[PDB]
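J.: Any chance you could fold what I've pasted below:
(chains A, B, C, D, E and F, ligands or ions: 6)
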There are 6 protein chains.
Amino acid sequence: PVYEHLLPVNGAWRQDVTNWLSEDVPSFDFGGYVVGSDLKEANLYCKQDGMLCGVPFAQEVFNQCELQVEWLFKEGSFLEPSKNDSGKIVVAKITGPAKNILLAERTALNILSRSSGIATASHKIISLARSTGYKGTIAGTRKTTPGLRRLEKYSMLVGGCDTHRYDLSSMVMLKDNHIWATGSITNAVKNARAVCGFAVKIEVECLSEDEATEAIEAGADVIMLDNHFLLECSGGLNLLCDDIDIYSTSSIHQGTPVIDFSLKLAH
Amino acid sequence: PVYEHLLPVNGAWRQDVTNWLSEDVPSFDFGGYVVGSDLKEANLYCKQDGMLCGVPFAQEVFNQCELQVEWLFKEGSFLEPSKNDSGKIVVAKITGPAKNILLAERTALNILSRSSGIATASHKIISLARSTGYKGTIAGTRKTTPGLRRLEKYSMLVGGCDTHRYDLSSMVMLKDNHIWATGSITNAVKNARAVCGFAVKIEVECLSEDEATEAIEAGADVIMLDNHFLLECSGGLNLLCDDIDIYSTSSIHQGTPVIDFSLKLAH
Amino acid sequence: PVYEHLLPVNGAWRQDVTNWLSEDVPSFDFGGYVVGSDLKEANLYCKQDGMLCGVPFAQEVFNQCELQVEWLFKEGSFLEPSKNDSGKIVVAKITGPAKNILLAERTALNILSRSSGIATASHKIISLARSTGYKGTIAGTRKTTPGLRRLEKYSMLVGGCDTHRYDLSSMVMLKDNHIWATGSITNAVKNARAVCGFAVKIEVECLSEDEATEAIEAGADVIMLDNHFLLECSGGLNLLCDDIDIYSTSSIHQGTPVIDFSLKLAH
Amino acid sequence: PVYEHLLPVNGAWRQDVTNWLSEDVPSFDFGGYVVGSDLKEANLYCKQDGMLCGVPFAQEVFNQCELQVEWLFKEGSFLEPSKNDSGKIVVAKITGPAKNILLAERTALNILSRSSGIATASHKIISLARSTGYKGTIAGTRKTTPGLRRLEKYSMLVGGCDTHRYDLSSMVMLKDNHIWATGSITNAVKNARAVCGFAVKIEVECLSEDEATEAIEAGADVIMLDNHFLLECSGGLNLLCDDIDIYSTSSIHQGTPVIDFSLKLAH
Amino acid sequence: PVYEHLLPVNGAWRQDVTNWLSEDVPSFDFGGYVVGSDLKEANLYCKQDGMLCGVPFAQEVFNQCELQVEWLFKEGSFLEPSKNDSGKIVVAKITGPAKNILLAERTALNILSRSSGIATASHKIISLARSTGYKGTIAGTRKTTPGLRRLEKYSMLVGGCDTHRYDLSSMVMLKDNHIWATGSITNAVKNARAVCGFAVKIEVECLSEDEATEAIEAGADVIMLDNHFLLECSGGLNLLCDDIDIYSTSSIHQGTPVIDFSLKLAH
Amino acid sequence: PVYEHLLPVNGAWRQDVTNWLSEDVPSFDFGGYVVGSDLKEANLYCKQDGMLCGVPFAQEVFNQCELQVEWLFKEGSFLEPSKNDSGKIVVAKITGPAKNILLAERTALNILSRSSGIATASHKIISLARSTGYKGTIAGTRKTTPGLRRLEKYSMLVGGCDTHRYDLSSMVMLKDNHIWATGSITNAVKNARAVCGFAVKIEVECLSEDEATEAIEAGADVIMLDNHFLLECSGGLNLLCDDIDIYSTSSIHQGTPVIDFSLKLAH
Ligand SMILES: O=C(O)c1ccccc1C(=O)O
Ligand SMILES: O=C(O)c1ccccc1C(=O)O
Ligand SMILES: O=C(O)c1ccccc1C(=O)O
Ligand SMILES: O=C(O)c1ccccc1C(=O)O
Ligand SMILES: O=C(O)c1ccccc1C(=O)O
Ligand SMILES: O=C(O)c1ccccc1C(=O)O
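T.: Residues are numbered from 1 along each chain as shown, chains lettered A, B, ... in the order given. Ligands and ions are numbered 1, 2, ... in the order given. Sure, the structure comes next:
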């Protein structure tokens, strides 16, 4: 199975790429005027160790900029530029009008660097959490970059982690606020179940068995314990995991370092 | 002078907020349905030391969700949640319908956490270079998060750094590419000048004082070097600061850690 | 609990209303020009028996046209315009500039008529199956009107039916296609699970208890048949209701009759 | 002449198709991930008697999903699946990546089923109204589905009826409200004529000859009688038509039943 | 009757204003940052003789920038900044935050200057033809500024001219092309009528009374000639006005001079 | 260097063209229905003396309308139709479906006529201002047509003039308002420099040397004198230029006459 097949042949994600280009060229591209449209060739280099992610998104940038791209690595490949190659590894070869290449450059790399960065941070964490014997799952959160949720969630998947619920319409998540308001957790879950129906899971954030009792009771599919159903623990920082089904943490995607890339024309 | 005044009373940045809300509620807000619309109070907490930023953007989120907000610190205030008596500082008091607070919560926090992160990274870096006699200035780059350029460049400013050119339409930045293409740094600058006009500057990435001077006479406004005019050094990070007018780095905005925030109802 | 609370205070659904107004006034509103802006009163009448629905959507239309509205019945009220003394029931009192009322009129009525239609069809069908001992539940499908999914699924809910998965991102629904492709119901479910994660369910359309069980063990959350887990029957309409957890049909929302409404000024 | 030539080679109607796809895939298409991109072949079946409509719109769905379509029937063709063929008739053959076919499926059928449904209801009515000897015209209304006016009006045309005015900017339509406000029908029409000019027709809703007098008087092009100019009668229910030029009725498009379709991959 | 009532309370024209503000502030408004938000007063001056137009559009700009405006003249007032005591007439008093006034200034002026220009050119031309016994009417064309059709056609109306058909969907206008294609003016009109229906007119560009009459009998509503029905002459400009129902010219709206305006703070 | 290379291979300017087409065809294109899709050929004529401008924009109209265009003149070419050729000169040959040609016609010409019109007015002015011995620069303003700034600024460049700052985010421009508010011009420029940074120029509108003193003082890059730095004079009307670096005037783009064009199918 190929991860890039998660993206619909057409949809709003492609218009996003268009909007990212417009963000970079509000009026005219002066540099492209001087460099002209002569056919050039360029190398796209990875300059740091990590997992390659965000290929389909970057590919869409190149398509709209009408360039031809030859990827030398599949998405998900671990790159090690430090051994040494002048510090870099070419992961793609670009061909097309000079101005088009230089126009597509910044946006494409800004995509790859962050996407690869999240996959690398994602993989590092689950790998590290799984090396302790913990066979549960490591998940993200909804603490994504505004307007970039599609790409960031996608990067979590390639990094090997669970994306968790995508948004507020995906899985009901009731925490203390919701419960106080409906009153009973069995009522909170009752109402939640009334609208979300059977096709969506309901998770409840509990403190004591009491809550996690009526919660399991009412029919909640997931119980979060904070401090025929699943258990979750939100926080995951360091050193330990203990047979809980899910440990959620924004560390795999929010505020993670980026994986540097560069693009240089042949001559 | 107030930074938020940099943002136009109306414009695309506000629709951005709207699209960020849509990103999180593609269809229904089940949690909002259970929680209902009773008036509530909530505290917005800063959970980590750093410079507060993203206030007007978080405020626009609160406005669209029809809430009332009381900010306790001006934007740019160096927060220090050190007192551990809680390790948090209430940065704002929020009031409104229960479902509205919970709907605005994630989106607003994702804004504040990242904006404050960048403001912080930008401030600790410009001061870090300030504590070495360097009296020039630190600048950003175009390596910003796709679709979030306006917010990130805004953070850099509050952070104390120079944002540098905003996009591919805000300066001309010519490299070897544009010089090889035009024939000479003078031909490239002549061309760039032919389109950008007197109102916009032109920067040339010279790699020799020999050419740098023909660039300086070609009409350039800024001269760059890297591994009647300004001078810049572009690249990496440590130790090294000659008296160059500007030093740019994506370190003040790209791949920076975020500043933890949270929101809790009074109950 | 109030259904309209399912809709976010702000989001794409409100721009939808705006685009619906544009659809009706591409350029000028001549009738509005003749009628002017004198304050007027109007009665919104229900002309046929059925469950009232589409109130928050009609209300958003009235808000954008800057009108004041007084609703006489809660959403979901079974209206019966039988008294013929008029055969109509005033469902709302509207006041505002004459041109504003007439501009909002068609759009708001088209909303109410269709939303009430679906709520009605959905209610008479779920009860129709309820009066045969069946205590499971009736669900909708993805066979919704293009661009009107949010409104139609909303109607189903008020109507008393389960809306079923919202889109191609809200459950995984695997068929022979996905099984042939992956090799086994278990391979398909393993793959679906690899991307949707723990937060979202997976339904497999088994056509044999032999496989249905490998689907049930593969990790499925729902098992479908058609001409620790739930069970569904998908298809047609009459007479027949075994104790299957769910029965889906596009009959509750697609091709349903509408519920006649009208609006008249006081004069 | 070909009906599909009414749609501009490019325009907002194509972006609508894109928006309908996004409505179905807010985030990821999990099913498409498992089924992969293997080239498949599929049959598009009509499962109910009626007129085939909405071809260009469905074709646009397939283009954006990058599929190849072979239509075995021209738009407007009467299909009779009941005789018998296993109940179905293949009207199109689809070829393309498996995931693309399955992605395009739901939206394309949701289009065809409703479009064909309106054309069939439209044709049935005029045919039935014309079999009484009435040689006038049968027209629709503005009681269309919000956001789907282009397709629904189009379906009326293929069904053989008149679409009537497209929107509030097409033809002025003054009913009692408008007249009371300008005062005289000759004034109401006077003002209306002042802005709409000569390129657009003015229709007035009358009660007594008096109104339909000054109406014809002032220069109204169409007179609606409700209960060098044209006459209209809005309501048309059943059994009779009497030499009036136009009988308008929402029965040909609003709340009509749908014509079922299905799509199944070859193997 | 008030012209501004031609514009719907809400619709795409208001988003247009918003996009016009974005066009002018792609990122930040530095000038707004220096000037701050102190309440100020300003005078909007008309600097050249002509008919005032574009008031509701300028007002929408002032609304979005959260300002209060006091208009001194009704739209359509023939302004004459002749008194030279100043050569200007205060057309409106504006109050609000300093940055808001300065942000709204250019956009609002560009609106007023062009709208007033067209209203003026349209008025001096229709009267110019009026002072030659001609009692028919002057009309516009489709040769409008891209993206500004609504504003320009609006100006024509206030200017006193007929706007003519609004777009390619508001009349059918058939030429030799459509006749050659269909075979006869009658076949073309029959086809046009088959799709536009009774509600919309059909104009045929006849170049012979011989055909003009078959067009007139084919069902045409308007007959055009150029270098139970109306008659039009399309083309140029001078001296010549037979008793033809309509004379169209792009002179009343395309390539017209603008009417100078300015805005100044009280200080 | 080619001017059309200033436009990004993809960006919002292409969506604008799409929006201009939709503005012309809100619903159906009746004329295109009758004329059908037969392959035709057409000539695009220039009917007035002037400079050809707006080629890339017009080309984009033809691409979206799927036509093939053969340009017989490069953008910037001076056309002289008066000598005589029947008054016209073919500058492009169009080939494609009849309906597509007729659909693209109006929008393409509305573009060319205005663009060529601005370039011609632009060239005429600088040429005339440069024939006096003045070797400074002639610039435009921000008094552009709302929503058409990209094309109008572009036309100024081809006409030979300077576009001046593109928008409110391009170059800071402080006039009396701004100065009064910050107080000192050295403070006004100080604050301005605080946010705009080094990459953007600051221009100050002065009255007396005093202002133009502290202005040069604080570090203002351009001084406008109204009545290592540049001088500007805004107003330029007629007869004289005196060794100032820049004379700005909206005369080169606002309210300029248009250069007529026409398109006629071969037969
Ligand atoms: O963002 C959060 O608060 C969050 C935190 C942990 C897991 C899941 C979520 C979620 O909301 O989906
Ligand atoms: O984006 C970059 O690579 C960049 C890096 C350093 C300074 C400026 C820029 C810029 O292009 O604006
Ligand atoms: O859309 C369908 O064909 C469908 C039919 C019945 C249940 C669910 C669905 C669904 O796909 O969500
Ligand atoms: O929708 C209506 O009220 C209506 C009803 C009958 C004919 C035409 C119309 C119309 O408005 O165009
Ligand atoms: O656009 C034109 O060429 C035109 C010219 C004169 C009248 C009407 C029109 C029109 O097409 O609407
Ligand atoms: O539009 C103006 O006021 C203006 C006038 C002259 C030069 C420049 C400008 C500008 O704002 O950019």
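J.: which SS class is the residue located most distally from the centre of chain A?
T.: Residue farthest from the centre of chain A, counting by Cα atoms, centre = their mean, is residue A:34 at 36.9 Å. What DSSP: H, G, I helix; E, B strand; the rest coil gives for residue A:34 is helix.
J.: how much space between it and residue B:210?
T.: The gap separating residue A:34 from residue B:210 is 21 Å, by Cβ to Cβ, to the nearest Å. In this view, the C-beta of every residue, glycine as well, is placed from N, C-alpha and C.
J.: ditto for residue A:8
T.: Residue A:8 is 54 Å from residue B:210, by Cβ to Cβ.
J.: which of these two has more neighbours?
T.: Comparing residue A:8 with residue B:210 by other Cβ atoms under 10 Å in any protein chain shown, the one with more neighbours is residue A:8, at 26 against 10.
J.: number of nearby residues for the closest residue to the more buried one other than its chain neighbours?
T.: Residue nearest to residue A:8 in three dimensions, not counting chain neighbours: residue D:25, with 4.3 Å by Cβ to Cβ, 6 or more residues apart in numbering or on different chains. Using other Cβ under 10 Å, residue D:25 has 23 other residues around it.
J.: Isn't residue A:60 up against residue A:15?
T.: No - with contact defined as Cβ atoms under 8 Å, residue A:60 and residue A:15 do not form a contacting pair (10.2 Å).
J.: So residue A:232: helix, strand or coil?
T.: Residue A:232 is classified as strand under three-state DSSP.
J.: what is it paired to in the beta sheet?
T.: For residue A:232, the beta-bridge partners under DSSP bridges are residue A:224, residue A:246.
J.: rewinding a little: contacting residues around the residue nearest to residue A:8?
T.: For residue D:25, the residues meeting the contact criterion (Cβ atoms under 8 Å, 6 or more residues apart in numbering or on different chains) are A:8, A:11, C:167-169, D:103.
J.: just curious, which of those is nearest to ligand 6?
T.: Lowest distance from ligand 6 to these (Cβ to the nearest ligand atom) belongs to residue A:11, with 39.1 Å.
J.: From residue A:150, how far out is the closest one?
T.: 9 Å.
J.: Repeat that for residue A:230.
T.: Taking Cβ to Cβ, one finds residue A:230 at 25 Å from residue A:150.
J.: can you check residue A:126 too?
T.: For residue A:126 relative to residue A:150 (Cβ to Cβ), the value is 21 Å.
J.: Can you get me a residue count around residue A:228?
T.: When neighbours are counted by other Cβ under 10 Å, residue A:228 registers 7.
J.: cool, and residue A:80?
T.: 12.
J.: right, and it touches residue A:89 too?
T.: Yes - using Cβ under 8 Å, residue A:80 is in contact with residue A:89, at 7.4 Å.
J.: shared neighbours of these two, which are they?
T.: In contact with both residue A:80 and residue A:89: no residue, using Cβ under 8 Å, 6+ apart.
J.: Whether stretch A:143-157 contacts chain B - can you check?
T.: Yes - Stretch A:143-157 lies within reach of chain B by Cβ under 8 Å from any Cβ of the partner chain, at A:143-149, A:151.
J.: does that stretch come close to chain C?
T.: Yes - using Cβ under 8 Å from any Cβ, stretch A:143-157 reaches chain C at residue A:157.
J.: Quick one: end-to-end length of that stretch, please.
T.: Its first and final residues considered, stretch A:143-157 spans 16 Å by Cα to Cα, to the nearest Å.
J.: Establish whether it and ligand 1 are in contact.
T.: Yes - contact of stretch A:143-157 with ligand 1 (Cβ under 6 Å from any ligand atom) involves residue A:143.
J.: Likewise for stretch A:165-179?
T.: Yes - against ligand 1, stretch A:165-179 shows contacts by Cβ under 6 Å from any ligand atom at A:165, A:173.
J.: List the buried residues for that stretch?
T.: Residues A:165-179 are the ones in stretch A:165-179 that count as buried (16 or more other Cβ atoms under 10 Å in any protein chain shown).
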